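**Q** For reference, this is data_22.pdb, and it has PDB, C-alpha atoms.
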ATOM      1  CA  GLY A 327     112.194 132.973 110.724
ATOM      2  CA  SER A 328     108.668 132.177 109.334
ATOM      3  CA  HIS A 329     106.951 129.275 107.419
ATOM      4  CA  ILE A 330     103.593 127.697 106.283
ATOM      5  CA  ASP A 331     104.444 126.060 102.876
ATOM      6  CA  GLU A 332     107.616 127.860 101.565
ATOM      7  CA  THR A 333     110.003 125.188 103.024
ATOM      8  CA  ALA A 334     108.011 122.306 101.420
ATOM      9  CA  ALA A 335     109.371 123.465  98.010
ATOM     10  CA  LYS A 336     112.967 123.521  99.358
ATOM     11  CA  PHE A 337     112.310 120.021 100.861
ATOM     12  CA  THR A 338     111.867 118.576  97.257
ATOM     13  CA  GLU A 339     113.599 121.107  94.900
ATOM     14  CA  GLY A 340     117.254 120.291  94.107
ATOM     15  CA  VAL A 341     116.805 116.754  95.529
ATOM     16  CA  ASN A 342     118.128 113.736  93.569
ATOM     17  CA  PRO A 343     118.723 109.955  94.179
ATOM     18  CA  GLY A 344     122.127 108.488  95.119
ATOM     19  CA  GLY A 345     123.390 109.987  98.416
ATOM     20  CA  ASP A 346     125.193 107.887 101.101
ATOM     21  CA  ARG A 347     123.754 107.622 104.655
ATOM     22  CA  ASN A 348     122.502 111.256 104.649
ATOM     23  CA  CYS A 349     119.086 111.484 106.546
ATOM     24  CA  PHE A 350     116.669 112.082 103.579
ATOM     25  CA  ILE A 351     114.963 109.302 101.560
ATOM     26  CA  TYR A 352     114.310 109.670  97.830
ATOM     27  CA  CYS A 353     111.375 107.575  96.461
ATOM     28  CA  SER A 354     110.565 107.206  92.729
ATOM     29  CA  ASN A 355     108.184 105.471  90.263
ATOM     30  CA  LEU A 356     105.129 106.232  92.487
ATOM     31  CA  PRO A 357     101.744 106.087  90.606
ATOM     32  CA  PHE A 358     100.327 109.486  89.523
ATOM     33  CA  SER A 359      97.254 109.226  91.854
ATOM     34  CA  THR A 360      99.552 109.640  94.976
ATOM     35  CA  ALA A 361      99.245 112.513  97.538
ATOM     36  CA  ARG A 362     101.263 113.654 100.659
ATOM     37  CA  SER A 363      99.110 111.491 103.030
ATOM     38  CA  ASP A 364     100.221 108.277 101.176
ATOM     39  CA  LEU A 365     103.859 108.721 102.351
ATOM     40  CA  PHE A 366     102.986 108.019 106.034
ATOM     41  CA  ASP A 367     100.987 104.903 104.882
ATOM     42  CA  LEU A 368     104.012 102.828 103.720
ATOM     43  CA  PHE A 369     106.784 104.736 105.596
ATOM     44  CA  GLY A 370     104.858 105.188 108.930
ATOM     45  CA  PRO A 371     105.537 101.587 110.266
ATOM     46  CA  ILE A 372     109.358 101.848 109.541
ATOM     47  CA  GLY A 373     110.038 104.626 112.159
ATOM     48  CA  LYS A 374     109.543 108.388 112.815
ATOM     49  CA  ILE A 375     109.316 110.602 109.675
ATOM     50  CA  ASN A 376     110.580 114.126 110.521
ATOM     51  CA  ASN A 377     108.979 115.493 107.248
ATOM     52  CA  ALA A 378     107.840 114.313 103.742
ATOM     53  CA  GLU A 379     106.658 115.807 100.375
ATOM     54  CA  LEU A 380     106.194 115.064  96.621
ATOM     55  CA  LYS A 381     108.517 116.531  93.942
ATOM     56  CA  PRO A 382     106.975 119.583  92.049
ATOM     57  CA  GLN A 383     107.203 120.269  88.281
ATOM     58  CA  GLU A 384     107.400 123.388  85.999
ATOM     59  CA  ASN A 385     104.340 122.433  83.810
ATOM     60  CA  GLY A 386     102.353 121.147  86.891
ATOM     61  CA  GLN A 387     102.178 117.414  85.843
ATOM     62  CA  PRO A 388     102.754 114.702  88.568
ATOM     63  CA  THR A 389     106.438 113.576  88.774
ATOM     64  CA  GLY A 390     105.999 110.123  90.385
ATOM     65  CA  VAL A 391     108.643 111.115  93.064
ATOM     66  CA  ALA A 392     108.556 111.615  96.856
ATOM     67  CA  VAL A 393     111.126 112.829  99.436
ATOM     68  CA  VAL A 394     111.037 111.690 103.127
ATOM     69  CA  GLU A 395     113.237 112.756 106.152
ATOM     70  CA  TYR A 396     113.871 110.665 109.323
ATOM     71  CA  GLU A 397     114.596 111.033 113.077
ATOM     72  CA  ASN A 398     117.448 108.432 113.209
ATOM     73  CA  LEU A 399     119.909 107.302 110.494
ATOM     74  CA  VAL A 400     119.007 103.645 111.320
ATOM     75  CA  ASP A 401     115.358 104.443 110.318
ATOM     76  CA  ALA A 402     116.385 106.263 107.106
ATOM     77  CA  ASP A 403     118.586 103.241 106.239
ATOM     78  CA  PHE A 404     115.716 100.794 107.054
ATOM     79  CA  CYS A 405     113.408 102.384 104.404
ATOM     80  CA  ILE A 406     116.122 101.891 101.746
ATOM     81  CA  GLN A 407     116.553  98.256 102.983
ATOM     82  CA  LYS A 408     112.800  97.377 103.002
ATOM     83  CA  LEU A 409     110.942  99.508 100.368
ATOM     84  CA  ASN A 410     113.395  99.179  97.362
ATOM     85  CA  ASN A 411     111.159  96.445  95.767
ATOM     86  CA  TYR A 412     107.708  97.552  97.142
ATOM     87  CA  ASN A 413     104.691  97.002  94.810
ATOM     88  CA  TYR A 414     102.098  99.846  94.956
ATOM     89  CA  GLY A 415      99.360 100.960  92.453
ATOM     90  CA  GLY A 416     100.736  98.384  89.918
ATOM     91  CA  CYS A 417     104.218 100.089  90.048
ATOM     92  CA  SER A 418     107.431  98.878  91.805
ATOM     93  CA  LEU A 419     108.938 101.738  93.889
ATOM     94  CA  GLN A 420     112.615 102.697  93.536
ATOM     95  CA  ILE A 421     114.131 104.009  96.834
ATOM     96  CA  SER A 422     117.470 105.759  97.614
ATOM     97  CA  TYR A 423     119.226 108.408  99.782
ATOM     98  CA  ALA A 424     118.045 111.937  98.771
ATOM     99  CA  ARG A 425     121.384 113.509  97.790
ATOM    100  CA  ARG A 426     120.737 117.272  98.149
ATOM    101  CA  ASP A 427     118.122 118.263 100.740
TER     102      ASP A 427
END
Transcribe the structure of this file into structure tokens.
**A**
Amino acid sequence: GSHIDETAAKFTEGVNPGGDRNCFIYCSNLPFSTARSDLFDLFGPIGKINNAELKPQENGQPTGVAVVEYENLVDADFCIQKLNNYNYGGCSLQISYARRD
């Protein structure tokens, strides 16, 4: 195949909360000043992130949502155990299994 940033759209487009022990993490209610580098700040000490991105929007405004993807299903689970009350920017983050991709 071929890639540079085409897959990073697919990594967040179509993705929703409320899966069940998939592999992807859905993260929501992030503050609107967040960027891709902030994911590895709070997720980096949990385990190995395979990939991670922020959800895009049709009008270009910030969504307040991230997706993350993890090496082992114990590490994906551990994010959803530990982060689902995490205070950041003045917001409390909501965390779930990313249901479709």
**Q** Give me the residues near region 379-388 of chain A as a PyMOL selection string, where near means some atom within 8 Å (using all atoms listed in the file) and where sequence neighbours in that chain fewer than 2 positions away do not count.
**A** chain A and resi 334-335+337-339+358+361-362+365+377+390-394
**Q** Just want the 9 Å neighbourhood of residue 418 (chain A), counted on all atoms listed in the file, with same-chain residues fewer than 3 positions away dropped. Output as an MDAnalysis selection string.
**A** chainID A and resid 354:356 410:415
**Q** Could you spell out the hits of the PyMOL selection byres ((chain A and resi 341) around 6) on the shown file, as an MDAnalysis selection string?
**A** chainID A and resid 338:340 342 424 426:427
**Q** Can you list, as number ranges by chain, every protein, DNA or RNA residue that comes within 10 Å of residue 399 (chain A) when you count all atoms listed in the file, leaving out same-chain residues fewer than 3 positions away?
**A** A: 347-350, 395-396, 402-404
**Q** Between A:378, A:405, A:330, A:419, which one has atoms that come closest to residue 364 (chain A), using only C-alpha atoms?
**A**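 Using only C-alpha atoms, residue 364 (chain A) sits closest to A:378.
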**Q** Using all atoms listed in the file, find the one residue out of A:389, A:376, A:407, A:333 that sits nearest to residue 359 (chain A).
**A**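 Checking each candidate against residue 359 (chain A), we get A:389 as the closest.
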**Q** Grab the CA of residue 397 (chain A) to CA of residue 368 (chain A) distance for me, in Å with one decimal place.
**A**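 Distance reported for this atom pair: 16.3 Å.
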**Q** Using CA of residue 417 (chain A) and CA of residue 370 (chain A) as the two end points, give the distance in Å to one decimal.
**A**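 Result for CA of residue 417 (chain A) versus CA of residue 370 (chain A): 19.6 Å, one decimal.
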**Q** What separation in Å, quoted to one decimal, exists between CA of residue 421 (chain A) and CA of residue 336 (chain A)?
**A**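 Computed distance, CA of residue 421 (chain A) to CA of residue 336 (chain A), equals 19.7 Å.
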**Q** Decode the PyMOL selection byres ((chain A and resi 423) around 6) for the given file into explicit residues and return them as number ranges by chain.
**A** A: 343-345, 350-352, 422, 424-425
**Q** Compare A:332, A:406, A:416, A:401 by their minimum atom-to-atom distance to residue 371 (chain A), counting all atoms listed in the file, and give me the closest one.
**A**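 The closest residue to residue 371 (chain A) is A:401.
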**Q** Would it be fine to have region 394-407 of chain A, with N, CA, C and O atoms, given as a short mmCIF file (atom, residue, chain, number, x, y, z; two decimals), in the first residue's frame?
**A**
data_model
loop_
_atom_site.label_atom_id
_atom_site.label_comp_id
_atom_site.auth_asym_id
_atom_site.auth_seq_id
_atom_site.Cartn_x
_atom_site.Cartn_y
_atom_site.Cartn_z
N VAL A 394 -7.20 6.32 20.79
CA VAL A 394 -5.89 5.70 21.09
C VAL A 394 -5.99 4.20 20.73
O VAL A 394 -7.09 3.67 20.66
N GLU A 395 -4.88 3.51 20.46
CA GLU A 395 -4.84 2.09 20.07
C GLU A 395 -3.63 1.46 20.77
O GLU A 395 -2.61 2.13 20.93
N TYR A 396 -3.73 0.22 21.25
CA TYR A 396 -2.80 -0.35 22.24
C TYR A 396 -2.27 -1.76 21.90
O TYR A 396 -3.00 -2.62 21.41
N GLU A 397 -1.00 -1.99 22.24
CA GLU A 397 -0.28 -3.24 21.96
C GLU A 397 -0.97 -4.49 22.54
O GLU A 397 -1.09 -5.50 21.84
N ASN A 398 -1.44 -4.42 23.80
CA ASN A 398 -2.01 -5.56 24.52
C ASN A 398 -3.38 -5.16 25.06
O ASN A 398 -3.58 -4.03 25.53
N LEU A 399 -4.33 -6.09 25.08
CA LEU A 399 -5.70 -5.81 25.54
C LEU A 399 -5.79 -5.56 27.05
O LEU A 399 -6.72 -4.88 27.50
N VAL A 400 -4.81 -6.02 27.83
CA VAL A 400 -4.60 -5.60 29.23
C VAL A 400 -4.23 -4.11 29.38
O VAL A 400 -4.62 -3.51 30.37
N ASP A 401 -3.52 -3.52 28.41
CA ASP A 401 -3.12 -2.11 28.46
C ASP A 401 -4.26 -1.20 27.99
O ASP A 401 -4.51 -0.17 28.61
N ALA A 402 -4.99 -1.62 26.94
CA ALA A 402 -6.22 -0.94 26.54
C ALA A 402 -7.24 -0.91 27.69
O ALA A 402 -7.76 0.15 28.03
N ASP A 403 -7.49 -2.06 28.33
CA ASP A 403 -8.35 -2.13 29.51
C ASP A 403 -7.88 -1.19 30.63
O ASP A 403 -8.70 -0.46 31.19
N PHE A 404 -6.57 -1.17 30.93
CA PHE A 404 -6.01 -0.36 32.02
C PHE A 404 -6.23 1.15 31.85
O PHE A 404 -6.48 1.82 32.85
N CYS A 405 -6.23 1.69 30.63
CA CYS A 405 -6.62 3.08 30.39
C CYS A 405 -8.05 3.35 30.86
O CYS A 405 -8.32 4.32 31.57
N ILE A 406 -8.97 2.47 30.48
CA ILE A 406 -10.40 2.59 30.78
C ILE A 406 -10.70 2.31 32.27
O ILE A 406 -11.68 2.83 32.80
N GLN A 407 -9.80 1.60 32.97
CA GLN A 407 -9.80 1.50 34.44
C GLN A 407 -9.33 2.81 35.10
O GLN A 407 -9.96 3.28 36.05
#
